[PDB]
Each structure stands twice: as structure tokens, then as C-alpha cells.
Amino acid sequence: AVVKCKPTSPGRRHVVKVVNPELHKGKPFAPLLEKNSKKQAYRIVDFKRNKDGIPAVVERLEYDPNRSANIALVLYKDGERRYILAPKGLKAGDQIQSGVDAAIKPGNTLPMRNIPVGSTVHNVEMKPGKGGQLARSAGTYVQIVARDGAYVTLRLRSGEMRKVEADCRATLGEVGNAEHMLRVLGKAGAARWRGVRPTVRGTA
Amino acid sequence: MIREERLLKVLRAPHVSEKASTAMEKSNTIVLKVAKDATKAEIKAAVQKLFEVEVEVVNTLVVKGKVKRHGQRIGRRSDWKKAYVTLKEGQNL
Amino acid sequence: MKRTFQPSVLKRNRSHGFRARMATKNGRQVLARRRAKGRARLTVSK
RNA sequence: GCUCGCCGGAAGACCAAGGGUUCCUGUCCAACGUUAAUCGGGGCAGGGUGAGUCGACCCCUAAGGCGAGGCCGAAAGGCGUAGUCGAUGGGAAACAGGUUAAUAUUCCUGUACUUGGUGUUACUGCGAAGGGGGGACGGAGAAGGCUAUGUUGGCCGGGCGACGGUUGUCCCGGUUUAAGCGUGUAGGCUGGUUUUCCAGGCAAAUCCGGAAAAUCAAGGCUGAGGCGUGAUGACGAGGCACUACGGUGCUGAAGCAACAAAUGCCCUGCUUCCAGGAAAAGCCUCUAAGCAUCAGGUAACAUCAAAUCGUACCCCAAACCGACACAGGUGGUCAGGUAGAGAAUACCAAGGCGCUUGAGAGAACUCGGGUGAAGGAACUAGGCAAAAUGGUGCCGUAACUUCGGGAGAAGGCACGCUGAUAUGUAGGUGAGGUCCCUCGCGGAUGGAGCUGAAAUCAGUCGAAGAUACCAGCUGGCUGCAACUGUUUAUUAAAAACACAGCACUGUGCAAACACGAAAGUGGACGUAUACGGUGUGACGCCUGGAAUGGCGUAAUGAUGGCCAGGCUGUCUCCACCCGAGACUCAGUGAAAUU
RNA sequence: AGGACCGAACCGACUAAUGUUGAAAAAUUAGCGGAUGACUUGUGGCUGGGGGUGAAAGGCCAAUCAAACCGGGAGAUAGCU
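Residues numbered from 1 in each chain as written, not as in the entry; some residues may be left out. Chains lettered and ligands numbered in written order. Part of a larger assembly, values for the part shown. Heavy atoms only, no water.

Structure determination for the deposited model, as stated in its record, used cryo-EM, and the stated resolution is 4.3 Å.

If you want it as C-alpha cells, here you go:
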């Protein structure tokens with residue numbers, strides 16, 4: 001949710017923040033955090049989703065400082081808590097489950113030989129057993145208009161179609177909120193703690 | 001431990017001063033100039049076996065030398081460890 | 001204001017020390033010309 | 001030794017880095033101290049730093065270097081594993097009083113805590129290079145309690161005033177008690193107890209977590225502070241005897257309540273926001289093989305051990321860095337009262353000092369200032385400088401605009417002290433009594449006493465009551481630049497530099513590009529809302545002289561200039577006074593140049 | 001909430017004066033700027049000279065920088081004094 005501010009002072013004149021008040025406040029799960037030096041913590045997120053057949057219930061939603069997308073904490077039926085990618089249509093207390101069946105709803109993962117034509121699929125695996133690469137940024141969506149043959153065809157966000165082998169996993173549903181483009185940071189000082197330095201002009 | 005010849009080279013010379021004279025009556029502590037390393041076991045065993053008196057507690061401090069200017073060349077004095085030997089009850093010379 | 005020599009014994013021994021000079025191949029040339037000329041104090045003694 | 005003055009959120013004190021005996025005593029005056037010096041940070045000789053509880057060392061670890069092996073390369077070397085160094089971090093523990101010419105939480109006395117081992121008694125599922133817990137974290141803001149601390153009152157000890165009064169509602173001093181243990185209150189966190197199972201924690205678990213049942217709602221944990229022990233104590237105002245007159249020995253009364261209140265503890269807490277805010281070791285728990293009369297762990301007592309290293313002294317400076325006993329700089333800690341909102345400003349407490357040259361006359365001239373006949377910018381390139389306003393309450397406050405601002409607009413009245421409401425009011429805090437109960441560090445009434453704003457009326461004194469100091473001049477038009485910001489250390493702080501947003505192209509991961517004989521690496525532990533380059537720079541008219549922006553814009557500015565009220569020795573035009581030099585004298589004592 | 005306002009410690013030195021064998025091979029005084037964020041600082045490491053770095057002045061790299069210092073070629077060259 002975005003809220004515009006009243007121009008009490010310039011620079012803090014046009015600052016509009018991109019946040020969600022549904023998320024929590026405080027520290028995340030500390031054993032899944034490391035140093036991640038050059039200061040930001042690194043979340044441990046299962047991109048592969050190798051445990052199949054065991055269901056999971058979503059407890060809460062967290063924010064990620066590394067990526068522009070949001071993650072989610074799942075609860076397996078045997079006492080394991082890990083993180084996955086949070087889609088747009090997630091609610092509190094939803095049952096998600098991986099496996100060869102992977103019923104059609106946003107929040108499951110199945111190999112690309114079983115994707116229905118016309119649905120939005122993100123988090124596409126290319127190399128066998130690596131995963132995680134495509135559609136990590138917010139506001140992206142990839143649709144498939146053709147599945148048949150020895151390779152599936154993907155209409156990527158960049159604007160070109162690419163044929164990928166059908167023995168790789170894929171995540172149903174789409175990415176979350178797309179308001180990350182709408183942040184303009186309002187001032188010069190906002191880009192100072194984000195690591196980017198001012199650019200020296202060549203003709204200066 | 002003993003190694004009796006090790007304990008004989010710890011004690012260099014007894015030290016006389018106006019502080020040791022008052023410490024002998026008020027605190028019953030004798031001041032002894034000891035060697036460079038001079039561990040607390042060697043000092044307590046050295047006074048315990050050599051002076052044959054019952055040692056209660058041992059203190060040590062390093063005495064830094066000075067710079068003596070006598071002529072063109074510079075000079076320095078030998079460093080020595082001041083040792084405080086406090087006995088149980090009895091006094092000696 | 002600030003002067004060009006602010007003292008730091010740890011920075012002086014980490015850079016100009018006897019062991020950092022010995023750990024380099026060209027530092028033994030500095031010690032070679034030093035023992036060739038024959039100064040009393042080489043660099044430092046802790 | 002007496003008197004005056006300065007600093008006193010320092011010019012005071014313990015300290016860190018650095019210095020290296022500069023610390024203390026006796027003696028000496030050649031040089032050293034800008035003068036003499038009998039003195040000293042100068043010399044001579046002697047002394048002085050006492051650690052299981054202070055720190056360093058040690059265990060582990062970020063940035064980073066080395067990096068046995070190993071990849072590549074003419075040599076050199078580039079890169080890098082398993083490892084290892086590397087505090088700016090974490091990890092064991094002590095306080096009070098006293099003492100010397102110098103050192104103390106280290107020395108004497110009293111009282112605690114911590115680590116490892118041995119012996120005895122008694123009990124026992126012990127056991128990591130493994131797992132879990134915790135260690136373990138950003139910025140801003142608010143409330144309450146308490147302590148150190150200050151005041152009043154009581155009490156104790158000493159006095160009746162060098163000049164009017166002062167046995168009083170008087171004056172002077174004190175009213176300190178620690179660490180630890182027990183109690184677990186203010187406050188915060190979490191729903192507990194029992195039982196069954198488990199694909200996660202590479203195998204395992206009674207442990208962490210998950211999945212099902214019954215009961216109860218207040219149990220469990222962290223945690224400042226108050227009370228008891230500590231303390232039939234020490235310290236203490238003030239005393240008594242022997243004296244090298246320096247001290248020694250001994251004794252020593254009261255040592256409590258209320259109020260205010262810390263930047264200090266509860267609080268690594270609570271609320272809120274997004275930029276989402278190190279790792280590891282010690283410790284507890286759980287088991288795998290094994291050990292299971294053994295060994296290890298657990299409760300108590302006694303004993304042993306806790307080594308080495310620094311401990312003097314300045315440290316917002318005469319001792320460090322500037323060649324100096326130099327008007328510069330240098331980490332953080334302690335932060336009293338009165339007036340004030342304040343660590344600013346003025347005075348004093350403890351403490352440290354009057355800055356290592358002085359004495360005469362009061363001339364010209366130089367500097368810091370003060371006052372001033374009449375005018376008030378006429379002086380100057382230029383209200384530069386100087387002068388002037390400066391604080392609070394009441395009526396009241398314009399042009400413009402992005403509606404936040406301009407604004408404290410300007411402009412009219414009052415400000416001291418004393419009595420009344422009230423022999424001190426609103427508010428805060430709070431004693432004694434009453435009642436109830438687990439019965440306590442407990443709760444409801446209730447006000448003793450203490451502290452204590454703000455306003456009104458009346459009277460009174462001074463020329464002047466924001467009485468001193470500190471402490472915005474005000475209103476209009478206009479160029480550039482949105483703004484806060486950056487630089488030519490040491491002559492230009494601007495229109496030059498930077499700017500969020502915006503416009504264009506390319507890049508599908510073994511990504512573009514850049515770095516390299518190669519290996520390797522950044523981008524990036526990123527994923528087309530992402531990445532590299534280019535031009536412009538909030539915003540409105542808009543982009544057909546019109547984003548190498550045209551025209552303006554509230555606010556902003558060590559930015560250029562004008563006028564208007566007041567103001568002034570800036571000027572007319574200089575006069576007097578307070579200071580430091582310049583004049584003389586005692587002593588030391590150069591240079592530029594020839 | 002705040003690169004918001006005034007104003008301390010603190011930081012840079014805009015104006016005016018002084019200083020130029022100075023207290024000082026860049027410092028003081030009085031106004032003036034920021035003053036919770038694009039702030040500052042200690043300690044430790046890295047980036048090295050036809051290079052590093054640079055909110056870009058051709059600034060800085062130990063009181064020196066329109067190519068640091070030391071040693072070497074070198075008693076270079078000089079048509080100059």
C-alpha cells in the first residue's frame with residue numbers, strides 16, 4: 001500500500017513509500033540468517049522445493065531486503081519451517097503442497113510437462129537441479145502458449161520466447177505486489193544508504 | 001621443584017630502605033631483590049627452605065632502570081625485581 | 001590543527017616492523033644494505 | 001602566613017594512545033628557565049609502581065593479510081582450500097575504611113565471589129569434530145519508579161557577638177554507611193500441567209519443532225529499587241594526655257523523615273517507521289559407537305592452584321603531535337547551588353592558578369574600547385564596519401502559494417516588591433486513623449505536614465522593573481539557482497560541482513561490460529519494477545528561444561543591487577577618558593643588509 | 001513523521017580587522033553556515049606513483065603534486081651565465 005504525504009518540508013515533499021501494513025514487526029527467524037557481508041542479512045529460501053508430498057501451512061509474511069520480492073514462512077507437517085516465494089493471492093492459514101500432483105492454485109510447484117496453457121507461471125527452472133533464477137523481481141509474469149514438442153515455449157518478461165526442457169520444476173501463480181516501480185524516493189538523501197554513489201558527469 | 005641450585009640463584013641481595021624498615025614492623029614483610037623471571041613458587045620455596053621461615057604471601061614488581069648521563073655516551077642501570085615476602089606471624093633479621 | 005605524524009605503534013610495527021620487512025623478498029635487500037652500512041638500531045626493538 | 005582576583009560542562013580530577021622516570025627527598029648554580037633565582041620538568045646521589053577479583057595476556061571471530069596442499073603462468077608471480085593470524089566485539093570473579101614524602105579496588109583488618117584439581121560421604125545414564133536454545137544487534141519518540149545529588153525540619157556538639165539589634169522563628173559543622181546473600185515489589189515477556197505419535201534437525205533423541213486429546217485460568221521467566229544481615233563495626237562534629245611542635249596513643253554525641261530530581265538504572269525494554277538492521281566462542285539440553293561393579297556428571301565439607309606482563313607522572317597539556325616551558329589540534333568519564341527552559345550566559349563550593357621580566361613619566365603616534373553639542377548615510381565602488389532591535393502575556397497581523405508556509409509580520413498596553421482571595425492558590429507527592437484478606441515489599445477512603453506555578457485587585461519606590469549578562473532590525477521590487485549539500489589543505493565557497501525524478505540504447509544467466517598469457521574475480525550469492533553508459537535536473541505553461549530547457553514560481557540562500565521608518569563619530573570635524581605598546585631605567589638580546 | 005526552525009558542544013572558515021624575521025611554514029578575535037542527518041570521530045585493514053583516489057578543483061598522496069621521495073644510468077644534455 002502506498003500513501004502520499006503532505007508537503008510539510010521539501011524532500012519529504014514527494015516521498016511515497018511502498019510498504020504493506022499486514023506484515024509483522026521485529027526480527028526474523030535467526031538460525032536461517034548469516035553474515036552476508038559486502039549490512040543486510042541473508043534469508044534462506046528453498047527455491048528447489050525438493051520435499052514432495054508433505055503439506056504446509058503459512059504462518060506469516062516477511063520482507064526481504066536482498067530481493068525486490070516478498071517471501072513466506074511455511075510449516076511442514078513434521079516440524080520444519082523454511083521460506084518460499086510469496087505470491088499475490090496468499091492468505092493466512094493456507095495449505096500448500098508440492099509433489100507430482102500439485103493441484104491448480106497459486107503456491108505449488110510441478111514440472112513443466114503438466115502446466116495448463118494460458119496460466120501465469122513464475123520461478124522457472126532451466127538447468128536440472130539448480131532452479132530459482134527466472135522471475136525473482138517484483139511485477140513480473142511469464143505465460144505459456146505452447147507446451148507440445150520436446151521443449152516448452154516461454155513468453156518471457158523481456159519480450160522474447162525461449163524453449164526450455166520439460167523435465168524442470170515450475171511454480172504456479174504469479175509474483176506479489178508490483179508497486180516497487182512506483183517508488184521515486186522523493187529526495188537525494190534516500191539513495192545514500194542504498195549503496196549507490198552519485199554519478200560524475202563526463203562533460204563536467 | 002627442587003633442584004636446590006635453582007633456588008640458590010633467585011636471591012640476589014637483601015634490600016634496605018625506609019619503606020622496608022617500616023614494613024618490617026607494621027606489616028612484617030621483608031623486601032628481597034630477586035632474579036629476572038622469579039616465579040612465585042621459587043620465591044616462596046626459596047624463603048621457605050633457605051631462610052627456614054613460614055611464608056604467608058609473596059608479591060612481585062619489576063623495577064625499571066633509569067638513564068644515567070655521565071659523559072658523551074648514554075647509560076642505563078640493571079633491571080631488578082622487587083619481592084615482598086610476608087610471613088605468618090614470626091619475624092627474623 | 002592535525003599534524004602529519006599521529007603516533008601508532010601497532011601500525012608502525014605492522015608496516016615498518018622487523019617481521020613484515022623479513023616476510024618480503026625486497027625487505028632483505030633493505031636489511032642487506034643496512035648490514036652493509038652497519039647501523040646500530042636497524043628499525044625498532046620492542 | 002594574611003588580603004584581592006580568574007576558571008569552575010574548566011584553566012578541576014581518575015584515566016586511553018603517546019611520552020619514558022619528566023614522580024618524591026637532599027644538595028649544587030657552569031650551561032639550561034627569554035631577567036635574577038637561593039627554586040624547578042637542569043645536574044648530582046638515594047627512593048618509589050606490591051593483583052585469582054584493575055587492565056593486558058588467553059578462547060573464538062568481522063574487515064583484511066599470510067595461506068601447507070592445489071589451478072595457471074619465461075623466471076618472478078596471479079588466484080585459492082583445509083587451516084592459521086588479526087580488537088575496534090563476546091567470554092571468571094570485591095567492596096568499605098585507614099596508611100606513606102611518592103604507589104592502592106595491589107599494603108593491614110572485616111566481609112563475598114569465580115575457575116580447575118585432590119580426598120571423604122551420598123546419588124547417578126555418562127559420553128562430541130553432531131543437533132537445538134541463547135549469545136545475537138537499525139533510527140526516532142513518550143510515561144512511571146528509584147538512586148547519586150540539593151533544600152527544609154528534627155537531633156547532636158560550640159558560641160552570644162570588634163558597630164544599632166540578636167536566648168532567637170539565631171548562627172557554624174555533621175546528618176556517610178559499600179560489595180555480596182536472602183526477600184521478589186514497580187515494570188516487562190509468555191497461556192500453563194499431563195499423556196500419544198512423528199517423513200524435519202544427514203543416523204539418533206526424554207531435547208528444539210510439529211500433529212491429536214483432558215483440566216485450569218493465573219502459574220512460569222527476566223528484572224531497577226526498598227528492608228534484614230553485612231554493621232555490639234568503621235567513619236565522624238568536637239575532645240583528653242606526651243611532644244623534634246611535625247604528630248602519636250586513646251575516646252568520640254546525632255548520624256533520621258519529607259520535598260525536588262538527573263543525560264544515570266529498570267530499558268539490548270515499550271510505541272512507531274522502513275533503509276529490514278555482524279559472525280563465532282563459553283554455558284545448558286539431547287543422543288550416535290563405547291562405557292555401563294569402571295569412567296564421567298551432580299550436592300556438601302576441607303585442602304591445593306589461578307602463572308607472566310603494565311601499575312611513578314602530565315594528559316582540553318610546560319611532559320603527546322607542531323625543532324621550544326609555543327595564543328593550534330588531540331578518545332571518551334565525573335557534570336553542585338542560586339536566576340534561567342537549557343552542558344549558553346553572570347557569581348560562588350571543592351580543586352587548580354595570577355600565564356618565568358619588571359619599575360618609573362603620562363608626549364606625538366599605533367591598537368582594543370567607552371561617552372558625546374547639532375544633523376542623521378550628506379563618507380565610501382559598496383549602510384563594509386559600527387550603531388539599533390532582541391524576552392513574555394492580551395487585541396491583532398498584509399501581498400503570494402504547491403495551502404505546509406510567509407509570521408515572532410509590522411503595529412497598540414502591561415512586566416519590580418508587598419497584602420487579599422489563600423497568615424502559599426491550581427497541580428504533583430504524601431503521614432496517622434478505619435475496613436478486608438491470601439495475611440504482605442498488599443489494596444479502597446482520607447488528609448496531617450512538605451514542595452509549589454499562573455492570573456486579578458489595591459498600595460508603594462526608583463528618571464528608567466524584558467532593570468545586569470545572554471539574547472531576530474523591520475516592510476517592498478528584481479537576476480541566476482528548486483533545496484539542505486561539495487571543492488581549488490595555505491589568496492576565488494560563485495551562476496562552477498553534486499541532485500531525487502525524467503528521456504534514449506543494449507543485455508535471458510556460463511547475461512552485457514570491465515579485469516587477465518591463463519586460472520580467477522566484480523557486476524551479483526542480482527534475475528527485465530534488474531544491470532552499464534549518455535543528456536537534463538522539484539513543479540506550472542509546455543517542448544512546435546522552447547529537457548546542451550523558453551517563460552515564472554511559495555519556501556530556501558556566508559548570492560548582486562535599490563528605496564522606506566529608526567539608528568548611529570562612517571562622514572561634517574574631531575574632543576575627552578579607560579588599557580596594551582611606543583619615551584626613560586635594571587638585566588637578557590637577534591634579524592633583513594653591508 | 002522532519003537532509004523542518006532557533007540555538008549549545010562539534011565541523012568547514014564567508015565577511016571585516018590583525019598577523020607576514022607572527023603565538024602559528026594558515027592561527028586568533030567579532031558577526032556569519034550547519035546543528036538527528038548527504039553528520040562527525042577513535043581504532044583496524046585495503047586501493048601506489050605514466051599510478052591510486054577524486055559530490056571533478058587537473059584537488060590530495062606526510063609543511064612538496066600540471067606526475068611523491070630515495071638510490072642508480074649520471075661528472076647526462078645545455079647552442080646559457
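We are not done yet, so read on.
J.: So what exactly am I meant to see when it comes to the overall build of chain C here?
T.: Scanning chain C for helices and strands turns up three helices and zero strands. Secondary structure elements of chain C occur, N-terminal to C-terminal, as α-α-α. Considered along the principal axes of its C-alpha atoms, chain C spans approximately 40 × 20 × 20 Å. Sorting the 46 residues of chain C into buried and exposed places 9% on the buried side. (Helix = DSSP H or I, 4+ residues; strand = E, 2+ residues; numbered from the N terminus. Buried < 20%, exposed > 50% of the residue type's maximum accessible area, 1.4 Å probe, protein only.)

J.: Sorry, what's going on with the protein's contact with RNA strand D here?
T.: Taken together, 90 residues are adjacent to RNA strand D, and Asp78 and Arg194 of chain A, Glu18 and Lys82 of chain B together with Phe5 of chain C come closest. Protein-proximal atoms of RNA strand D, defined as those within 4 Å of the protein, fall in sugar or phosphate at a share of 71%. One nitrogen or oxygen atom from the side chain of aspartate 78 of chain A is found 2.3 Å from a sugar or linking oxygen belonging to RNA strand D. With respect to RNA strand D, the backbone of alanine 138 of chain A contributes an N or O atom lying 3.2 Å from a sugar or linking oxygen. Looking at the surface near RNA strand D, the elements that each hand over two or more residues are β4 (71-76) of chain A together with α2 (18-26), β3 (55-63) and β4 (80-87) of chain B. Per-element tally for the surface near RNA strand D: the top contributor is β3 of chain B, with four residues. Across the surface near RNA strand D, the residue classes break down as 32 nonpolar, 22 polar and 36 charged. (Near = heavy atom within 4 Å. Polar contact = N/O pair within 3.5 Å; in protein donor to acceptor, adjacent residues only side chain to side chain. Nonpolar A, V, L, I, M, F, W, Y, C, P; charged D, E, K, R; others polar.)

J.: Would you explain the sheet that holds β3 of chain B in this entry?
T.: Where strands meet in a sheet, backbone hydrogen bonds hold them as pairs that are either parallel or antiparallel. All names here are of chain B. Strands sit in the order β1-β2-β4-β3 across an open sheet of four strands; the sheet is antiparallel. Lying at the two open borders of the sheet, with one neighbouring strand each, are β1 (13-14) and β3. Bridging between β3 and β4 involves eight bridges; their strand directions are antiparallel. Bridge pairing in β4 links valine 62 to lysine 81. Contacting β2 (29-34), β3 and β4, helix α3 (residues 40-49) runs over the sheet at an angle of about 125 degrees to β3. (Pairing = 2+ DSSP bridges. Contact = heavy atoms within 4.5 Å. Axes fitted to C-alpha atoms, helices over the stretch in contact; angles between N-to-C directions.)

J.: Is there a simple way to think about the arrangement of the chains in this case?
T.: Without any contact between them, chain A and chain B keep their closest C-alpha atoms 45 Å apart. Contact between chain A and chain C is absent, and the minimum C-alpha spacing across the pair is 25 Å.

J.: Whenever I open this one, the nonpolar core confuses me. Can you help?
T.: In a soluble, globular protein the nonpolar side chains are often hidden away together inside. Ranked by size, the top nonpolar core spans 18 residues in total, and within it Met112, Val124 and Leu154 of chain A carry the most contacts. For this core, the secondary structure elements donating two or more residues are β10 (151-155) and β12 (169-172) of chain A. Counting 12 residues, the second largest nonpolar core, distinct from the first, contains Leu32, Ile43, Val55 and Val85 of chain B. (Core = buried A, V, L, I, M, F, W, Y, C linked by side-chain atoms within 4.5 Å.)

J.: When you look at the protein's contact with RNA strand E in this model, what are you seeing that I'm missing?
T.: Within the structure, RNA strand E sits among 20 residues, and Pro10, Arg12, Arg197 and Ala204 of chain A together with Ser8 of chain C are positioned closest to it. Take the atoms of RNA strand E that sit within 4 Å of the protein: sugar and phosphate atoms are 61% of them. The contact in question runs from a base nitrogen of RNA strand E to an N or O atom on the backbone of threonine 4 of chain C, over 3.1 Å. Taken together, the residues that form the surface near RNA strand E break down as seven nonpolar, six polar and seven charged.

J.: How should I be thinking about the pattern of salt bridges in this particular structure?
T.: Oppositely charged side chains can pair when the atoms bearing their charge come close. Counted according to the given criterion, the structure contains eight salt bridges over all chains. A salt bridge links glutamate 80 of chain A to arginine 82 of chain A, with the nearest nitrogen and oxygen atoms 2.8 Å apart. A residue is classified by how much of its surface remains accessible, and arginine 82 of chain A, at 21% relative accessible area, is partly exposed. Notably, a salt bridge pairs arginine 6 of chain B with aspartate 37 of chain B, separated by 2.8 Å at the nearest N-O pair. Placement of the pair is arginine 6 of chain B in helix α1 (residues 4-8) and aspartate 37 of chain B in the loop between β2 and α3, with a sequence separation of 31 residues. In this structure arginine 6 of chain B comes out as partly exposed when scored by relative accessible area, which is 27%. Within this structure, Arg43, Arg60 and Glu62 of chain A form a network of salt bridges that share partners. (Salt bridge = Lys/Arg side-chain N within 4 Å of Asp/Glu carboxyl O.)

J.: Please explain the packing of aromatic side chains as it appears in this structure.
T.: The description of an aromatic ring pair rests on the distance of the ring centres and on the angle between the ring planes. Here the structure, examined in full by the defined rule, presents zero aromatic pairs over all chains. One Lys or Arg, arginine 136 of chain A, reaches over the ring of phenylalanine 47 of chain A and ends 4.9 Å from the middle of that ring. In this structure, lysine 33 of chain B is placed above the aromatic ring of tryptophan 80 of chain B, and the distance from its NZ or CZ to the ring centre is 4.9 Å. (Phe/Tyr/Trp six-rings, centres within 6.5 Å; stacked < 30°, edge-to-face > 60°. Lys NZ or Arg CZ within 6 Å of the ring centre and 35° of its normal.)

J.: Got a minute to help me understand the pairing of strand β5 (residues 81-85) of chain A in this structure?
T.: For a regular strand, side chains alternate in direction, first toward one face of the sheet and then toward the other. All names here are of chain A. Bridge analysis of β4 against β5 gives five bridges, and the strand direction is antiparallel. From the neighbouring strand, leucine 73 faces β5, where its bridge partner is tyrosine 83. Connecting β4 to the next strand, β5, in antiparallel fashion are four residues, including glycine 79 with a positive phi near 100 degrees.

J.: Looking at this model, I keep getting lost on the sheet that holds strand β7 (residues 109-111) of chain A. Mind explaining?
T.: Residues and elements named next belong to chain A. Strand order across the open sheet formed by three strands is β7-β12-β8, with antiparallel pairing between neighbours. Strands with a single pairing partner mark the edges of an open sheet, and in this sheet they are β7 and β8 (121-122). As paired strands, β7 and β12 are joined by three bridges and run antiparallel to one another. In the strand pairing of β12, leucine 110 is matched with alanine 170.

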